[PDB]
Amino acid sequence: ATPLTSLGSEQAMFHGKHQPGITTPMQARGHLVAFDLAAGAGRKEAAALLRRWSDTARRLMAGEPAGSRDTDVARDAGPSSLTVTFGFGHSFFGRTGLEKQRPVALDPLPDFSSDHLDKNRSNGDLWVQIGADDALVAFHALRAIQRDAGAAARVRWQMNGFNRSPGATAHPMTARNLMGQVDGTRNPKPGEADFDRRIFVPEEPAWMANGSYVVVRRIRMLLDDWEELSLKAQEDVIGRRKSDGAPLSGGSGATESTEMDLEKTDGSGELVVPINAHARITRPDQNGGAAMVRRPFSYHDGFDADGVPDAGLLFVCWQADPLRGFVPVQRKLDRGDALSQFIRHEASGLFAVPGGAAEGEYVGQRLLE
Amino acid sequence: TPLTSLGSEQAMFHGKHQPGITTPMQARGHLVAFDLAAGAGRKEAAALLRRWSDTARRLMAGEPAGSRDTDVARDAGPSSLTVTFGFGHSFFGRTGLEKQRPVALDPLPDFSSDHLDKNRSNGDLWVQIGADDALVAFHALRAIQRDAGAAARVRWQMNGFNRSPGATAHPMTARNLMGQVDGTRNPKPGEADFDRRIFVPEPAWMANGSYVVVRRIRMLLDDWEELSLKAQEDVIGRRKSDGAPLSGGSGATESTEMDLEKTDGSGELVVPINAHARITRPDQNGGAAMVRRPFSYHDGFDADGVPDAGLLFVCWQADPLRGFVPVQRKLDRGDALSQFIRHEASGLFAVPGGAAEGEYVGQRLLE
Ligand code: HEM
Ligand code: HEM
């Protein structure tokens, strides 16, 4: 029996080889935030900020207050699987005299023909991902991180998301998105032999050892168009069934885990999994081994005047090198994916997320020290 | 209590009262107002409430929509979903139903501290959706909104959240984003004068209904969070740690009765004369009373770093003139809290009784 109290009592490690929020289980609530350094904040002020943030992270992730004038918003809750994760944008390095430690991996993402990016709501010197299974726990953490920045950095952009709660389903299972698709079946997983090679910078620039690169994309779903489609049309866009996430190449006996048959054909000769289906064309074996861990939140921020919902996927993917991950896959998807017609990339960020802090350290200490 | 309870718990659609009034607080909420379109009158409104009621019914039972289901809620339990419908003052002019417009829908006062967005206030129709799962909740919002079709547009829509089930070691009263214990003195079904306070007794189309007042109240968290603990506790008159009255001792808890006469060693009132939890009490307002059942909100930051965060205050009464209205008249300038909040949207809606088996909500008004 998993008790209901597990939701609050579950606690994620702050200290580790890798920062939390990469391999950590899906969380019900997320807040993504980007900060820009203030005028006259340099390396010294940035190192002080990351220390403040790390100390706050450590405390919050253990269910402990953020000091004397902790707001009490999270009081009485357990840690609720809170994680906080920190990253650095391309622009950070020229603000802090660290241009020589700027990884080539932060070179700007391509200008994809399908981009509709609000550049104000994109990019940033610093990125923080907050997730938890309790909304007060999560808001408390966002507010504490944001208040820790004080005058040394300002909020550039901030987005809210959500996922399925623990216990919503009779047994734990892969999540859904606002298209109604099963979302997360084929991620690389820890324990696979190539998982670290795919996802993390190895231990032997040196400050990124055991770090990863995240790509964030605010992707609006065109639900008004999507929801006029037949099931057959929606399933053809993905290549997997809405009911259980099994490949279209599968039988009634097929389930989520049954391997895709990418050569299966109709009586009529036509491929059962379409040639431009999203879950065909995104696979590492269709992309020279290009791979990523996808760990998103869904979003809904309202309706415009014509009733169009501002709803979609806060796409967050993780990779050792964007050029072997996000970038070549997106390059194919831009025009080549059946899904493109139904989505709109409306904001983006690429951040270097270092390894976990050890005892007595702050996140990014190797970089700033 | 197993973790699957989150999903498996089911609120009832059919009943004397609509769900979402006395129902326990939910982790996720969506509030939406609609305006009728040109060419939607009473017959179009009745069809709309029939559609909506059927969707509410299915969805509250954990079933897919009747048709064109999106699969977004598939695999999930009912997750305590509730759907609640009301009618605004303007509705009755739109549908030739002015003779059935309740007195109780007459416009709220223009409070001196109002800073109301007229475009995100009021509305012909209001729907309140809440659940403990966010995909269950979004799926319901989207289904209700798609039922509107040609009959009605979305006028405004706000998202809200609360504590999750299981977040605490055992069930406790809610907190808000000011970090206060919030809901201690909310009246409950078995308390003495509850029905008279909250429900129209069995125009007649409102029988067993209730009037809801919605206020989008921003919390001026930048100013609030620079106050000392002592100053914050003086604003409310209860402690943040445990929600006890300031008049309570070391052993006092949230439920301990407040002592409104108690003074300190220097003859000053221990619960301040303008504390919020003093001045809002029924016994300070001629018996005025309400059920409060809010959601917190956070919609991001403005350009200058100020959070668009606060309380989606939702309160329930048999008559606003014996609930929200006289209390808010008192609070407007008198309340220590008012300095750290701003009211930025408002709605007042008539929420009829719940649907019987094989009925739609609002049927006795719209037929
Ligand atoms: C809102 C936008 C998107 C939606 C709705 C969507 C939906 C899905 C779905 C339903 C699956 C199949 C189940 C699974 O394995 O998770 C999937 C797989 C995948 N998607 Fe997406 N996706 C979106 C955007 C992206 C983008 C922008 C990328 C990368 C540039 C991407 C990369 C992948 C990858 C790599 C897989 C796994 C392929 C495999 O190995 O089977 N997706 N996506
Ligand atoms: C952001 C706005 C507000 C906040 C933060 C707030 C907070 C609180 C808190 C902490 C309590 C004490 C605990 C409890 O009994 O629930 C309380 C009680 C109460 N508040 Fe509010 N409140 C707000 C707005 C309002 C408004 C607008 C009204 C009505 C006009 C209202 C009416 C009440 C009532 C009737 C009580 C219970 C009094 C009693 O009988 O003990 N509040 N509020």
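Residues numbered from 1 in each chain as written, not as in the entry; some residues may be left out. Chains lettered and ligands numbered in written order. Heavy atoms only, no water. Residues with missing side-chain atoms left out of burial classes, pairs and counts.

Going by the annotation in the PDB entry, the name recorded for chain B is DtpA, with Streptomyces lividans TK24 given as the source organism. The deposited PDB record carries the title "X-ray generated oxyferrous complex of DtpA from Streptomyces lividans".

The name recorded for chain A in the PDB entry is DtpA, from Streptomyces lividans TK24.

A. Geometry of the site of ligand 1. All names here are of chain A. Lining the immediate surroundings of ligand 1 are 27 residues, of which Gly184, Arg186, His278, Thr282 and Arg294 lie closest. The separation between an oxygen atom of ligand 1 and a polar main-chain atom of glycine 184 is 2.8 Å. Between a nitrogen atom of ligand 1 and a side-chain N or O atom of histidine 278, the distance comes to 2.9 Å. The dominant element in the shell around ligand 1, judged by the number of residues it contributes, is helix 9 (residues 326-336), at four residues. Residues that form the shell around ligand 1 fall into these classes: 14 nonpolar, eight polar and five charged. (Near = heavy atom within 4 Å. Polar contact = N/O pair within 3.5 Å; in protein donor to acceptor, adjacent residues only side chain to side chain. Helix = DSSP H or I, 4+ residues; strand = E, 2+ residues; numbered from the N terminus. Nonpolar A, V, L, I, M, F, W, Y, C, P; charged D, E, K, R; others polar.)

B. Examining the coordination of the iron atom of ligand 2 more closely. Only one protein atom coordinates the iron atom of ligand 2: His276 of chain B (NE2), located 2.2 Å from the metal. In this structure, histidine 276 of chain B sits in helix 8 (residues 276-279). (Donors = N, O, S within 2.8 Å, 3.2 Å for Na, K, Ca; no water.)

C. Highlighting the site of ligand 2. All names here are of chain B. Of all residues adjacent to ligand 2, which total 27 residues, the nearest are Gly183, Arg185, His276, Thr280 and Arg292. Backbone polar atom of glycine 183 to an oxygen atom of ligand 2: 2.7 Å apart, as the coordinates give it. Residue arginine 185 places a side-chain N or O atom 2.8 Å away from an oxygen atom belonging to ligand 2. Residue assignment for the shell around ligand 2 shows that the elements contributing at least two residues are strand 5 (210-219), strand 8 (307-317), helix 9 (324-334) and strand 9 (341-351). When residues of the shell around ligand 2 are assigned to their parent elements, the largest contribution, four residues, is made by helix 9. In terms of residue class, the shell around ligand 2 is built from 14 nonpolar, eight polar and five charged.

D. Focus on the packing of aromatic side chains. Applying the stated rule across the entire model yields 24 aromatic pairs over all chains. Centre to centre, the rings of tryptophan 127 of chain A and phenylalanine 351 of chain A are 5.7 Å apart; their planes meet at 5 degrees, and the pair counts as stacked. Side by side, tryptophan 127 of chain A and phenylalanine 351 of chain A carry an identical accessibility label, which is buried. Between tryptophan 126 of chain B and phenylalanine 349 of chain B, the aromatic rings sit 5.6 Å apart at their centres with planes inclined by 10 degrees, giving stacked as the arrangement. Judged by relative accessible area, which is 0%, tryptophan 126 of chain B ranks as buried. For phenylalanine 349 of chain B, a relative accessible area of 0% puts it in the buried group. Three or more aromatic residues joined by ring pairs form one cluster here, namely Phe88, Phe92, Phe93 and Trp207 of chain A. Lying over the aromatic face of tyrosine 299 of chain A, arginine 218 of chain A brings its terminal NZ or CZ to 3.9 Å of the ring centre. In this structure, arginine 216 of chain B is placed above the aromatic ring of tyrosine 297 of chain B, and the distance from its NZ or CZ to the ring centre is 4.0 Å. (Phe/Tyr/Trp six-rings, centres within 6.5 Å; stacked < 30°, edge-to-face > 60°. Buried < 20%, exposed > 50% of the residue type's maximum accessible area, 1.4 Å probe, protein only. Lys NZ or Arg CZ within 6 Å of the ring centre and 35° of its normal.)

E. Layout of the interface of chain A and chain B. Across the contact, 61 residues belong to chain A and 63 residues belong to chain B. Summing the contributions of chain A and of chain B, the shared interface buries around 5200 Å²; its carbon and sulfur component is 53%. The largest share of the area that chain A buries against chain B comes from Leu4, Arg69 and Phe303 of chain A, three residues that together contribute 13% of it. For the pair chain A and chain B, the number of links is 13 salt bridges. A salt bridge links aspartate 222 of chain B to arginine 147 of chain A; the shortest N-O distance between them is 3.7 Å. The interface formed by chain A and chain B contains 33 residue pairs in polar contact. Elements represented by at least two residues in the side of chain A that touches chain B include exactly helix 1 (6-9), strand 1 (29-37), helix 4 (135-149), strand 4 (153-162), helix 6 (223-226), strand 7 (297-303) and strand 8 (309-319) of chain A. Among the elements that take part in the side of chain A that touches chain B, helix 4 of chain A stands out by supplying seven residues, more than any other. Residue classes in the side of chain A that touches chain B are distributed as 23 nonpolar, 21 polar and 17 charged. (Contact = heavy atoms within 4.5 Å. Buried area = accessible area lost by both parts, 1.4 Å probe. Salt bridge = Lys/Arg side-chain N within 4 Å of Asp/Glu carboxyl O.)

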